[PDB]
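Just below is one structure, and these are the notes that go with it.
Cβ sites come from the backbone with ideal geometry, for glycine too, and all protein chains shown count toward neighbours. Just so it is clear, none of the values below were taken in a lab; they were calculated from the coordinates.
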Amino acid sequence: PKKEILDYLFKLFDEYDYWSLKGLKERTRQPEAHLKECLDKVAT
Amino acid sequence: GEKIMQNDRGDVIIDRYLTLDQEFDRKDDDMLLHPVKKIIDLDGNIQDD
Amino acid sequence: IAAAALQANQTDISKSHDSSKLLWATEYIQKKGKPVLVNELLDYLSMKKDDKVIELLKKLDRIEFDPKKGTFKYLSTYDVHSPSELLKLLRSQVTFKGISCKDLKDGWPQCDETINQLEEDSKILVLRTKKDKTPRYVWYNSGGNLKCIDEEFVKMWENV
Amino acid sequence: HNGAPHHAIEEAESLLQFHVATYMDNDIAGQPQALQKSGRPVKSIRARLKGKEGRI
Amino acid sequence: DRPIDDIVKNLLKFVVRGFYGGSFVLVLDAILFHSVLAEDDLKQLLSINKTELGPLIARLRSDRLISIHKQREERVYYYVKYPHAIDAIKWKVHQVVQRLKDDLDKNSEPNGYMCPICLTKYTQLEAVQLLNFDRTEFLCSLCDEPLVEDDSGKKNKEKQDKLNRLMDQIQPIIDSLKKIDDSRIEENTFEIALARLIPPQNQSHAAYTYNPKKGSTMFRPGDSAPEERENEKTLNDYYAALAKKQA
Amino acid sequence: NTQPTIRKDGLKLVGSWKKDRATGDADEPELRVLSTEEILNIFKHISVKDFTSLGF
C-alpha cells in the first residue's frame with residue numbers, strides 16, 4: 001500500500017505540520033517498519 | 001604614532017583587521033627590500049671582518 | 001494473468017498529488033542510467049503539455065534539461081568518478097568535513113573500491129568502522145604515510 | 001584515563017581522600033562515620049592506639 | 001607567518017602520524033587546520049561523540065600538547081601551548097634516547113643467569129657467589145637448581161640496530177628541534193589563537209571571543225609566562241544642449 | 001600577588017581572594033577549592049631557610 005499511504009501522508013502533514021510518529025501511527029495502523037521508511041523518504 | 005596597550009580595548013570589529021594589517025606590513029616590507037650600493041652599504045661595512 | 005492483475009492495479013497518472021507524480025517521475029529518471037528525453041516523460045506520465053510539474057522538474061537542480069536535445073539527466077551529488085578528481089576535490093577542500101560513501105556512490109558507484117585502494121595507498125584519511133573496515137567520512141592525507149613507524153617501535157613507544 | 005566528564009572526578013577523588021583519611025583515623029569531626037559490615041564501625045589506627053589498652 | 005611555525009605544525013603532524021593513532025592524527029590535523037574550537041563544532045565536523053572524544057583528549061592533556069581553555073559566554077576551547085609542548089617533546093625524546101642508550105649499554109654487559117624453577121633472574125656476580133664446590137657451575141640458593149645463562153648477547157646487536165634505525169626515523173624531528181633552537185619561540189595563548197581564528201563553520205554555536213574579568217586575581221597552571229557612430233554622439237550633445245537650455 | 005583567606009571545611013580547603021583591586025572595591029572572593037597538587041607544588045617551592053624558620 002505504498003502509494004496510498006504516500007498520498008494519505010500528504011493530507012496528514014497538510015492537516016498538521018508537526019505531525020508526530022505516535023499521531024502518525026494511530027492514523028495508519030500499518031506495519032511500522034514500512035511506515036518509518038516511507039516517512040523519511042519525503043519529510044520528517 | 002601610538003603604542004598599543006592591552007588596557008585599551010579598541011574596537012573589536014576594526015581590530016579584527018590587526019593581523020591582516022600585520023601581513024600587509026610583511027608583504028610591503030618584502031616589496032620594499034632592494035639591493036644596496038656598496039659605496040654606502042653599512043651592511044658591507046659591518047661585514048668587513 | 002499477473003499482467004492483467006498489474007494492469008488492474010495500475011494507478012492512473014492523475015494521482016492525489018503532483019508531488020507524488022513528480023516523485024514517481026524522479027524514480028523513473030533515477031532508475032534510468034541515461035539522460036532521457038522529454039518523450040520519455042510523455043511516455044511515463046500520460047500527458048503532453050508543459051506543466052507546473054514539468055516546470056518545477058526543470059527548476060530541480062538534480063534534474064537537468066538539455067537545451068540541445070531535451071535529454072533530462074539526473075544530477076548527482078558529486079561529479080567525481082575518478083580518483084584523480086577525488087584527490088583534486090580533497091585538495092580543494094576548505095574545511096575538515098568528511099564525506100560519506102553513499103552520495104559518492106551516487107554518480108560514482110565504483111568509489112568504495114577506489115577508496116579502499118587509496119587507503120592501501122595511504123593517500124587519504126578514511127574513517128572505517130570497528131565492526132569492519134567500513135569506509136565513512138574521508139579527508140585528504142595532508143601528511144605522509146599513516147603506516148610510518150614499525151609495529152615494534154610504536155609498541156615500545158607506547159611503553160614510553 | 002578514559003572519558004572524564006569532569007563531574008565524577010571531584011567526588012571520586014573526594015571519596016579516595018575520604019577513605020584514606022578514614023583508614024588513618026576514624027575519630028574525626030562528626031560529619032562521617034564510615035562503618036563497614038556489620039554495624040560496628042571500622043577501627044582505624046588512632047582507635048588501635050588510643051588510651052585504655054590500645055597498644056600503649 | 002613564520003615558516004618555523006609551519007615547521008612546528010608539520011613536526012606535530014609527523015610526530016602524531018609516527019607515534020599515535022589515526023584518531024589523534026585527525027584531531028590534531030583538524031585543530032591545526034582550524035584554531036581554538038568548541039566541542040560541539042568538533043562533533044559536527046567529525047560526526048563524533050564524547051565517548052570517543054574522551055580518551056583522545058585525555059591523552060593530549062597527558063602529553064601536555066594542547067592546552068584546554070574554558071570560558072563562559074561555559075564554552076570549551078583548545079589550543080597547542082607551544083613551549084610546554086616542545087619541552088614535553090624534548091623531555092620525551094631525551095628520555096627515549098637515554099633509555100635506549102642505557103639499554104644498549106646494559107645489553108653490552110654479560111647477560112646473566114636465572115633459575116627457571118622460581119623464575120628469578122640472576123646476575124653474573126650472583127652466579128659467582130652461587131657456584132658449586134667443583135668451581136664449574138652455579139647452583140640456586142632456594143631451588144638448588146643449576147644456573148642457566150641469560151639470552152641477551154645476540155640481542156646486543158639487535159638493540160643497537162633498533163636504536164640506529166629509530167634514530168634514523170626520529171631524525172627529522174631532531175632537525176626540526178635544531179631549527180626550533182635556532183629560532184625563538186613565542187608562547188601560545190587562547191587569545192593568540194583567537195588572533196589567528198580559522199572558522200570551520202558559519203553556524204558555530206560558540207562565540208570565539210575572549211571576555212576578561214575585572215576584580216579577579218584567579219591564577220592557574222598551564223597559563224604561566226613569568227560616420228554613423230559619430231552621429232549619435234553629436235545627438236547626445238543635442239540632448240545635452242536642449243537639457244541645459246531649460247535649466 | 002594576593003592571598004586568599006582559607007576556610008577549613010570538611011576534608012578540603014577553599015580560598016577567598018577579596019584582593020580589593022578592581023576599578024571598584026573588588027567584592028569578588030574566588031571561592032576556589034585549592035588543589036592538593038598546587039599545594040604540593042607550592043610547598044615544593046619553599047626555601048630551606050624557611051623550613052628552619054617554620055620548624056622543619
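Annotations for the structure displayed:
- Calculated [θ] (222 nm, deg cm²/dmol) that DSSP helices of n ≥ 4 give over chain E, each run adding -39,500 (n - 2.57): -18000 deg cm²/dmol
- The stretch E:109-152 - percent relative contact order, Cα under 8 Å, separation 6 or more: 41 percent
- The distance linking chain D with the stretch E:109-159 is 47 Å (Cα centroid to Cα centroid, whole angstrom).
- A cut-off under 11 angstrom between Cβ atoms defines the neighbours of E:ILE192, and their net charge, with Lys, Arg +1 and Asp, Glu -1, is -1.
- Each part gets one Cα centre, and for the stretch A:3-29 versus the stretch E:44-72 those centres are 43 Å apart.
- Separation of the stretch E:170-247 and the stretch C:118-153, taken as the distance between their Cα centroids, equals 34 angstrom.
- Proximal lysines to C:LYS34, defined as alpha-carbon separation beneath 22 angstrom and excluding residues fewer than eight positions away on the same chain: C:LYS21, C:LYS48, C:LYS58, C:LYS59, C:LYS68, C:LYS69, C:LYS73, C:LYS102, C:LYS105
- A simple spin-label model places pseudo-atoms 7 Å from Cα toward Cβ; at E:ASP134 and E:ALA247 they are separated by 12.8 nm.
- Charge context of E:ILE4, other residues only, Cβ under 13 angstrom, K/R +1, D/E -1: -2
- A simple packing score, the average count of other Cβ atoms within 10 Å per residue, orders the peptides F:19-27, E:109-117 as E:109-117, F:19-27, with the highest score first.
- Tail fraction, Cα-Cα pairs, the protein assembly as shown, threshold 34 Å, whole percent: 71 percent
- Cβ-based exposure ranking for E:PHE33, E:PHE24, B:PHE24, F:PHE56, in which fewest neighbours within 10 Å come first: F:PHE56, B:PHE24, E:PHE33, E:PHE24
- Note on F:34-42: average number of Cβ atoms from other chains within 10 Å of each residue's Cβ is 1.
- Chain D: relative contact order as a whole-number percent, Cα under 8 Å and 6+ apart: 25 percent
- Ascending count of other beta-carbon atoms within 10 Å, so fewest first, for E:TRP91, C:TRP108: E:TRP91, C:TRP108
- Per-residue HN-Hα couplings for the stretch C:22-39 [Karplus 6.51, -1.76, 1.60; θ = phi - 60°; Hz; x = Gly/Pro]: 6, 5, 5, 5, 5, 4, 5, 5, 5, 6, 9, x, 10, x, 8, 6, 5, 4
- Long-range amide H partners of C:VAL126 with built H, under 5 Å: C:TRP139
- Coordinate range along principal axes, alpha carbons of chain B, Å, largest first: 48, 22, 18
- Electrostatic bookkeeping for B:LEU32 treats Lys and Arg as +1 and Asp and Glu as -1; over the other residues with beta carbon under 14 Å from its beta carbon, the sum is -2.
- If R0 is 56 Å, the Cβ-Cβ spacing of B:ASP49 and C:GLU151 corresponds to a FRET efficiency of close to 0.50.
- Using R0 = 22 Å, the C-beta based FRET efficiency linking E:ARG72 and E:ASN49 works out to 0.35.
- Positive end of the dipole of the stretch E:109-152 (Cβ unit charges, origin at the Cα centre): among E:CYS115, E:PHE133, E:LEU147, the Cα lying farthest that way belongs to E:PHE133.
- Reciprocal mean inverse distance between Cα atoms of the stretch E:87-142 - Kirkwood radius, Å: 13.7 Å
- Three-way shape label, chain E, alpha-carbon gyration tensor, a/c 1.5: prolate
- Paramagnetic reach from B:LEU18 (point 7 Å along Cα→Cβ, amide N under 16 Å) across the stretch E:204-247: E:208-213
- Here is how the number arises for chain C: DSSP H runs of 4 or more residues each give -39500 (n - 2.57), the sum is divided by the residue count, and the result at 222 nm is -11500 deg cm²/dmol.
- Rounded to the nearest 20, the Cβ-based charge dipole of the protein assembly as shown about its Cα centre (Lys and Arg +1, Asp and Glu -1) stands at 2060 debye.
- Normalised by the number of residues in chain F, the average gap of Cα pairs under 8 Å and 6 or more apart makes the relative contact order 24 percent.
- Peptide-level mean, for C:139-148, of C-beta atoms on other protein chains within 10 Å: 5
- Using distinct alpha-carbon pairs, which all enter the 1/r mean, Kirkwood radius of chain C in Å: 19.6 Å
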